[PDB]
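Only one chain is given next, in structure tokens, and it is the form solved without this ligand.
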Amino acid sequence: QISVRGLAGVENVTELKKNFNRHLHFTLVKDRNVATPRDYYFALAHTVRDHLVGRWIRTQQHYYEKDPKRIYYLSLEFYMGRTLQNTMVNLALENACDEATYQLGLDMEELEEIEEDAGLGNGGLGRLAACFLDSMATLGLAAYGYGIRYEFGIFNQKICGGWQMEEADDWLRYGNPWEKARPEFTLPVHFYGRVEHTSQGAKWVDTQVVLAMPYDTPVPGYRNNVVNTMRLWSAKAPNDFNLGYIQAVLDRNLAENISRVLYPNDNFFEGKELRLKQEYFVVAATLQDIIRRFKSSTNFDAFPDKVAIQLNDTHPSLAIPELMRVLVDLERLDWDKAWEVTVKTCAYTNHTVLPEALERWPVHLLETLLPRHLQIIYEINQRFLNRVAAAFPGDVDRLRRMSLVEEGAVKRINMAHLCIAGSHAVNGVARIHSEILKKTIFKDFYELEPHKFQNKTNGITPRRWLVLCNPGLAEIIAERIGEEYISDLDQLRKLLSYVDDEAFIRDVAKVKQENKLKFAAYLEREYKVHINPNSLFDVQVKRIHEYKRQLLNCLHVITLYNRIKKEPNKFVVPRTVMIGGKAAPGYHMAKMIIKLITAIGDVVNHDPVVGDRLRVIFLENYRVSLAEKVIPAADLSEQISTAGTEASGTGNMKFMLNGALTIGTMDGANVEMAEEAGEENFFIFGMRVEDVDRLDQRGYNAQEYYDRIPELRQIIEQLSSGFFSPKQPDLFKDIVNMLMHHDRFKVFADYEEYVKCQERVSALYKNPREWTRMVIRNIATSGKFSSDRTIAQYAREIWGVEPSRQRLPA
């Protein structure tokens, strides 16, 4: 059908049909008379997976022979989503498979909807790791993603009476055709025990053993025949474990619980023992694998030339003391030499400045679970603080501030400090965030070692986030500038020469319209909900957090409603306001925000005077597969965090690439997006970081805004009085009380500017041609936000390796 989906050659289509029928019979053990759509999905998945195998084996062979420097990306989260379409895109098989399945009497798009998301992450951090793997394969890097194979990923969200309910995400129920178990490469991981000091060094003894069994998933690059590996560890008990008899076998679950479930808190640290076990499990198993591979190339001097370890936040920070443990206790290197190797091998990426997100582990947990690691951390801390003392003599407060050990009611280890001390590079994830790190929370470290601190602005993969989810847009672009931009996104700048082209303008607008119709239909079909496809689609999708200010959006929505009720017969640009995202199960305020959004919808969506001029929809169970549907349909992207709180954002970039305009604060990567596109082509409002600091200095008083803004006062009175909850008048008291007395994120402070900016949005939307021209200016300048650009910068500036676009032989 469409060009970017590749060729449907008669030979290929014939071979796909043959192999589809073979898998249906031999693999699935079904015949066509009792096969269901799910069986058909699996037969297609197995058929496509067969095309990965040769390339996967040949890629890994090639790395063994060439022995390039290896990049190990350690993360507790990989938010992969679905694999079938991505695989077809990257192998150029989409049109051929579409043709093959069509000839068999099947609709391939229907089969694609059967696949479960692999939801092994919470949101942005997990999804960044997934984009990065795609980019590393596309750039020919010898890269490995290492993590945990959670049996249960991020929970499925149901909304019941407007309240979030959680259900386990049993993603493996029907099998995962995209992994290969590798029980033969199972490795031991040690916990508890004690340290005994011999003549010949320390020894960690009397430990409990848990086995780490790897499952390997292929990661194909874009049309280059490179297939890299994501290796995820699963926890298994040893066979003598606990070995009355029956209970001993049942108690194997104690050990196997390590890989059972993803912790579902985004940007909130909870110091639980099970989480610490997960963190050590991934690190200990991964490092044995790294060392094995290095020895199969005595002399650890060359280790940093052959290995890079990238720590995705502090979650895998135990890699630093574990590497020291292995080098010092087992390989018997002297400390100083081991430390040199460690520093040169490890690099750390920070993703947040919110204090409650920082990992600070109680010393008593480490003492019990990882006694040798605690000893090593103390020794690291003493040597590091000796350096600080020599550089800043007499500055005793600096010593207290920079220590890895935090004193207090309970002593804790600051894992960010450990990562900075033990890494040769530390980066933030957008320019403003990297600047904040140097000016505020890591100022002392930057003064000691300025050379360590870098920026690497985040990005997204244009395979998943343009070609896959928005083929219509990819096609009209390829018609003008060819296909090369899919792996070199800077080529989208060529589209600026089409901003006055009447045909292009019409086609861009047509593609958006078709995406909106398709999404509106998806809504009715699978959620019995009915929306006006000519309305402006105003979308805020992301995890629910106070810092992301879904509440500020709610205040604007109520303002619009109240203004309509005040002048019903006045024209206003029709809107469909869609808000979606998951709340962490124990985050009460986030759960109340979801309830408020559904409560607003209950009133607004059923007021006859409003008609179809304003609809408010809560999008249930937001996840990667839903993002792939809603983002291409959006007109307006809400990126409205308080300045200084969103480290980067990546949803922002997805919307920009897909033809939405952005309303946002000067926060995270929004700053760089507006710089690339031009401020005139962005809807910027609100306090800058400097304004927030000024307000904090004189003291934020929400009452002032309530007193001076009558439209705001009216909304608070509606909330307090029970307008949005007739049967439970005081339901939203916690929200009102937070807004008035304890709002860390200054919602009222940005309200007036936000409402005014939203009026400018509405005014531009009334002029379709100028709206679309501004869209083209956004799409055309989105190239910087490719994760290929991001990964090339990590490669050159941190890992010391050169990317390659050269194809391996098929």
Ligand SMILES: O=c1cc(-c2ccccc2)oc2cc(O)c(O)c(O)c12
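Residues carry their position along the shown sequence, with the first being 1.
Visitor: In a third or more of the other entries compared, is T298 missing its coordinates?
Guide: Yes, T298 lacks coordinates in at least a third of the other entries compared.
Visitor: Can you count the deposited residues that have no coordinates between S297 and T298 and report it as none, 1 to 3, 4 to 9, or 10 or more?
Guide: Missing in between: 4 to 9 residues.
Visitor: Please say, as none, 1 to 3, 4 to 9, or 10 or more, how many residues of the deposited sequence are without coordinates in the interval between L243 and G244.
Guide: The entry has 4 to 9 unmodelled residues between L243 and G244.
Visitor: Which wins on mean Cα temperature factor, 305-313 or 584-592?
Guide: According to the entry, 584-592 carries the higher average C-alpha B-factor.
Visitor: Comparing average C-alpha B factors as deposited, tell me which of 514-522 and 152-160 sits higher.
Guide: It is 514-522 that shows the higher mean C-alpha B-factor.
Visitor: What's the residue among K69, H46, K784, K766 with the greatest CA temperature factor in the PDB record?
Guide: Within the set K69, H46, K784, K766, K766 shows the top C-alpha B-factor.
Visitor: Among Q278, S423, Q703, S75, where is the Cα temperature factor highest, going by the PDB entry?
Guide: Of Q278, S423, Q703, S75, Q703 has the highest C-alpha B-factor.
Visitor: Sort the modelled residues of this chain by their C-alpha B factor and say whether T790 lands in the lowest, middle or highest third.
Guide: It falls in the bottom third of the chain.
Visitor: Determine, from the deposited record, the chain-internal third of the Cα B-factor for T286: lowest, middle or highest.
Guide: Tercile = lowest for this residue's CA B-factor.
Visitor: Tell me, lowest, middle or highest third: where does the Cα B factor of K494 rank within its chain?
Guide: According to the entry, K494 has a C-alpha B-factor in the chain's highest third.
Visitor: Rank-wise, by C-alpha B-factor, drop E379 into the lowest, middle or highest third of its chain.
Guide: As the PDB entry reports it, the C-alpha B-factor of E379 lands in the middle third of its chain.
Visitor: Classify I798 as lowest, middle or highest third according to the C-alpha B-factor given in the PDB entry, relative to its own chain.
Guide: As the PDB entry reports it, the C-alpha B-factor of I798 lands in the lowest third of its chain.
Unshown form solved in complex with this ligand; subsequent notes refer to it.
Visitor: Sort through 528-536, 264-272, 322-330, 556-564 and report the only stretch with a non-hydrogen atom within 4.5 Å of this ligand in the bound PDB entry.
Guide: Correct option: 264-272.
Visitor: With a cut-off of 4.5 Å between heavy atoms, is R575 one of the residues that contacts this ligand in the bound PDB entry?
Guide: No, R575 stays farther than 4.5 Å from this ligand in the bound PDB entry.
Visitor: So in the bound PDB entry, does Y705 come within 4.5 Å of this ligand, heavy atom to heavy atom?
Guide: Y705: no contact with this ligand in the bound PDB entry.
Visitor: Can you tell me if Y587 lies within 4.5 angstroms of this ligand in the bound PDB entry, counting non-hydrogen atoms only?
Guide: Flag for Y587 set to yes.
Visitor: Using the partner position in the bound PDB entry, report whether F748 sits within 4.5 Å of this ligand, counting heavy atoms only.
Guide: Although this ligand is absent here, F748 would stay clear of it in the bound PDB entry, with no heavy atoms inside 4.5 Å.
Visitor: Please pick, from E672, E99, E546, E151, the one residue with any non-hydrogen atom lying within 4.5 angstroms of this ligand in the bound PDB entry.
Guide: None of the other options qualify; the answer is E546.
Visitor: With this ligand left out of view, which of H741, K756, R769, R744 would have a heavy atom within 4.5 Å of it in the bound PDB entry?
Guide: The residue in contact is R744.
Visitor: For the stretch 352-384, which residues lie within 4.5 Å of this ligand in the bound PDB entry by non-hydrogen atom distance?
Guide: Read in sequence order, the residues that approach this ligand (within 4.5 Å, in the bound PDB entry) are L354, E356.
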